[PDB]
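*Asks:* Okay, so here is coords-v6.pdb, and as you'll see once you scroll down, it has PDB, C-alpha atoms.
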```pdb
MODEL        1
ATOM      1  CA  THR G3211      18.754 -23.006 -61.083  1.00  0.00           C
ATOM      2  CA  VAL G3212      17.329 -26.476 -60.374  1.00  0.00           C
ATOM      3  CA  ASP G3213      16.752 -25.575 -56.712  1.00  0.00           C
ATOM      4  CA  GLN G3214      15.097 -22.330 -57.828  1.00  0.00           C
ATOM      5  CA  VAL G3215      12.810 -24.256 -60.204  1.00  0.00           C
ATOM      6  CA  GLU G3216      11.883 -26.572 -57.324  1.00  0.00           C
ATOM      7  CA  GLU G3217      11.008 -23.435 -55.339  1.00  0.00           C
ATOM      8  CA  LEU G3218       8.876 -22.269 -58.280  1.00  0.00           C
ATOM      9  CA  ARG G3219       7.045 -25.615 -58.310  1.00  0.00           C
ATOM     10  CA  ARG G3220       6.400 -25.336 -54.563  1.00  0.00           C
ATOM     11  CA  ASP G3221       5.018 -21.817 -55.041  1.00  0.00           C
ATOM     12  CA  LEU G3222       2.889 -23.079 -57.944  1.00  0.00           C
ATOM     13  CA  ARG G3223       1.287 -25.880 -55.934  1.00  0.00           C
ATOM     14  CA  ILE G3224       0.804 -23.679 -52.844  1.00  0.00           C
ATOM     15  CA  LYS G3225      -0.911 -20.969 -54.893  1.00  0.00           C
ATOM     16  CA  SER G3226      -3.020 -23.599 -56.681  1.00  0.00           C
ATOM     17  CA  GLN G3227      -4.231 -24.891 -53.304  1.00  0.00           C
ATOM     18  CA  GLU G3228      -4.939 -21.306 -52.217  1.00  0.00           C
ATOM     19  CA  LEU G3229      -6.892 -20.692 -55.437  1.00  0.00           C
ATOM     20  CA  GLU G3230      -8.974 -23.818 -54.810  1.00  0.00           C
ATOM     21  CA  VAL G3231      -9.639 -22.723 -51.212  1.00  0.00           C
ATOM     22  CA  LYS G3232     -10.724 -19.235 -52.291  1.00  0.00           C
ATOM     23  CA  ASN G3233     -12.891 -20.665 -55.091  1.00  0.00           C
ATOM     24  CA  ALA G3234     -14.651 -22.889 -52.549  1.00  0.00           C
ATOM     25  CA  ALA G3235     -15.061 -19.864 -50.263  1.00  0.00           C
ATOM     26  CA  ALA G3236     -16.586 -17.827 -53.107  1.00  0.00           C
ATOM     27  CA  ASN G3237     -18.942 -20.683 -54.018  1.00  0.00           C
ATOM     28  CA  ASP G3238     -20.055 -20.886 -50.382  1.00  0.00           C
ATOM     29  CA  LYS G3239     -20.453 -17.086 -50.259  1.00  0.00           C
ATOM     30  CA  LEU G3240     -22.653 -17.145 -53.387  1.00  0.00           C
ATOM     31  CA  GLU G3450     -19.299 -10.526 -50.121  1.00  0.00           C
ATOM     32  CA  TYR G3451     -18.904 -12.256 -53.492  1.00  0.00           C
ATOM     33  CA  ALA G3452     -17.442  -9.714 -55.940  1.00  0.00           C
ATOM     34  CA  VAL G3453     -14.340  -9.253 -53.764  1.00  0.00           C
ATOM     35  CA  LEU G3454     -13.773 -13.017 -53.645  1.00  0.00           C
ATOM     36  CA  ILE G3455     -14.314 -13.256 -57.420  1.00  0.00           C
ATOM     37  CA  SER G3456     -11.729 -10.522 -58.022  1.00  0.00           C
ATOM     38  CA  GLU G3457      -9.265 -12.179 -55.633  1.00  0.00           C
ATOM     39  CA  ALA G3458      -9.739 -15.556 -57.338  1.00  0.00           C
ATOM     40  CA  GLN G3459      -9.213 -13.959 -60.760  1.00  0.00           C
ATOM     41  CA  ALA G3460      -6.016 -12.256 -59.563  1.00  0.00           C
ATOM     42  CA  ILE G3461      -4.713 -15.514 -58.069  1.00  0.00           C
ATOM     43  CA  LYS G3462      -5.579 -17.343 -61.303  1.00  0.00           C
ATOM     44  CA  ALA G3463      -3.687 -14.764 -63.381  1.00  0.00           C
ATOM     45  CA  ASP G3464      -0.698 -15.093 -61.041  1.00  0.00           C
ATOM     46  CA  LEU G3465      -0.910 -18.883 -61.390  1.00  0.00           C
ATOM     47  CA  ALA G3466      -1.037 -18.594 -65.189  1.00  0.00           C
ATOM     48  CA  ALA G3467       2.085 -16.406 -65.208  1.00  0.00           C
ATOM     49  CA  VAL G3468       3.786 -18.794 -62.765  1.00  0.00           C
ATOM     50  CA  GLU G3469       2.920 -21.800 -64.942  1.00  0.00           C
ATOM     51  CA  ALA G3470       4.234 -20.003 -68.037  1.00  0.00           C
ATOM     52  CA  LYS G3471       7.593 -19.224 -66.422  1.00  0.00           C
ATOM     53  CA  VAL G3472       7.773 -22.761 -64.984  1.00  0.00           C
ATOM     54  CA  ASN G3473       7.218 -24.073 -68.524  1.00  0.00           C
ATOM     55  CA  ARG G3474       9.992 -21.770 -69.754  1.00  0.00           C
ATOM     56  CA  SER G3475      12.294 -23.094 -67.016  1.00  0.00           C
ATOM     57  CA  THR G3476      11.503 -26.709 -67.936  1.00  0.00           C
TER      58      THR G3476
ENDMDL
END
```
So that I can check it, write out the structure of this file as structure tokens.
*Replies:*
Amino acid sequence: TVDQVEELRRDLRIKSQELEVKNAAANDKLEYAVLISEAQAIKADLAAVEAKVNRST
């Protein structure tokens, strides 16, 4: 379980970095609605991931 939670933390930080990269890409592209939708989906996934990480902690 502890190793799995470490995996969850790695996925959390990787997806946070990906969200930041896509947000910067959307800001540069301000081909914008697709990037906005992708960033919103990644942010929702990150919120769910953070909630289940909080449950694990």
*Asks:* Report as a PyMOL selection string the residues that result from applying the PyMOL selection byres ((chain G and resi 3464) around 12) to the structure here.
*Replies:* chain G and resi 3221-3222+3224-3226+3228-3229+3457-3463+3465-3471
*Asks:* Residues at most 10 Å from residue G:3454, counting all atoms listed in the file, excluding those fewer than 3 positions away in the same chain, as a VMD selection string?
*Replies:* chain G and resid 3232 to 3237 3239 to 3240 3450 to 3451 3457 to 3460
*Asks:* Suppose we keep C-alpha atoms; can you now write the selection as a PDB file, keeping the file's coordinate frame?
*Replies:*
```pdb
ATOM      1  CA  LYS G3232     -10.724 -19.235 -52.291  1.00  0.00           C
ATOM      2  CA  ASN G3233     -12.891 -20.665 -55.091  1.00  0.00           C
ATOM      3  CA  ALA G3234     -14.651 -22.889 -52.549  1.00  0.00           C
ATOM      4  CA  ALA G3235     -15.061 -19.864 -50.263  1.00  0.00           C
ATOM      5  CA  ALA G3236     -16.586 -17.827 -53.107  1.00  0.00           C
ATOM      6  CA  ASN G3237     -18.942 -20.683 -54.018  1.00  0.00           C
ATOM      7  CA  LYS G3239     -20.453 -17.086 -50.259  1.00  0.00           C
ATOM      8  CA  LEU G3240     -22.653 -17.145 -53.387  1.00  0.00           C
ATOM      9  CA  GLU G3450     -19.299 -10.526 -50.121  1.00  0.00           C
ATOM     10  CA  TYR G3451     -18.904 -12.256 -53.492  1.00  0.00           C
ATOM     11  CA  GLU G3457      -9.265 -12.179 -55.633  1.00  0.00           C
ATOM     12  CA  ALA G3458      -9.739 -15.556 -57.338  1.00  0.00           C
ATOM     13  CA  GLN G3459      -9.213 -13.959 -60.760  1.00  0.00           C
ATOM     14  CA  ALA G3460      -6.016 -12.256 -59.563  1.00  0.00           C
TER      15      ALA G3460
END
```
*Asks:* Record the distance separating atom CA of residue G:3211 and atom CA of residue G:3223, expressed in Å with one decimal.
*Replies:*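 Computed distance, atom CA of residue G:3211 to atom CA of residue G:3223, equals 18.4 Å.
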*Asks:* For a test of reading the model, state the distance in Å between atom CA of residue G:3475 and atom CA of residue G:3214, rounded to one decimal.
*Replies:*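 Separation of atom CA of residue G:3475 and atom CA of residue G:3214: 9.6 Å.
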*Asks:* Just the number, please: distance in Å from atom CA of residue G:3456 to atom CA of residue G:3220, one decimal.
*Replies:* 23.7 Å
